[PDB]
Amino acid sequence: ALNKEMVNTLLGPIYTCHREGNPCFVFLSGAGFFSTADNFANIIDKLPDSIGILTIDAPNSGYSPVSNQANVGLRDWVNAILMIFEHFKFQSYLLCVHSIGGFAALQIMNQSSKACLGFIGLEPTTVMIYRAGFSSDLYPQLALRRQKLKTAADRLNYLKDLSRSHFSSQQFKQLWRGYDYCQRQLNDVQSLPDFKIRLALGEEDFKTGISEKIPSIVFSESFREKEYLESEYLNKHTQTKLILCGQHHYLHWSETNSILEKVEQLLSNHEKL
């Protein structure tokens, strides 16, 4: 199983789950309230026990503390993650992220003295989509999906239905225990005037691509192919791939057989291993 630990950072305590082993698979979630280990259970459960695991919950999500993020920058969050990296023994790692976790991931791989062996992205947020806004008409299909989900209940029920289809009843309930715990803590602060639930991105955060030296495996729904082909998440590495699959944004829930297949292939052929 995974060891739970609140690790100290300049941003205050950060919830982590950890398993020894080298290289270490480091997980970062998208925007949401799910705890990261729960969020990525279908990938974590499938990795060989010999492989390390580190999951990290962002502030105001999962079991990390709630706090105002108004004065927090991506650099601050990246520095906190790097402190967390230094807290554990692994010497090399792969980053596996969903959605907004892509932004931190790019800086981490560019700044960490530990060796990155690979990036695994499940619809990582691009500067392009970010500038436009997820669900902003750029993609008519995203605009229609968002428009269908009128109410908070609709949006919640959509996630509930989706997760229900892709997790065991046990991992489903656990996933939602984290969501509900997070939302409960958020009730105390989210209606306060100055409160910002997440750090704001700036232009200075959009100037980093992935090194040519690091293989990248990106998974995305087919309609986003061009965006990703032109994106900061792809490079010319002989092992880098763009895999088109899935019917929704949560590929780390539903496409883990395919993800594991690509991951195993990446590791078996990596000249730094």
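Position 1 is the first residue in the sequence shown; the rest follow in order.
Averaged over their C-alpha atoms, the temperature factors of 110-118 and 94-102 are higher for 110-118. The stretch 188-196 shows the higher mean C-alpha B-factor when 188-196 is compared against 168-176 in the entry. When the C-alpha B-factors of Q183, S163, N79, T151 are ranked from the entry, the top spot goes to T151.
Sort the modelled residues of the chain by CA B factor and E255 lands in the lowest third. Annotation for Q265: C-alpha temperature factor in the highest third relative to the rest of the modelled chain, per the entry. When the CA B factors of the chain's modelled residues are split into thirds, the value for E225 lands in the middle one. Ranked against the other modelled residues of its chain, the C-alpha B-factor of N22 as given in the entry falls in the highest third. In this PDB entry, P48 carries a Cα temperature factor that places it within the highest third of its chain's modelled residues.
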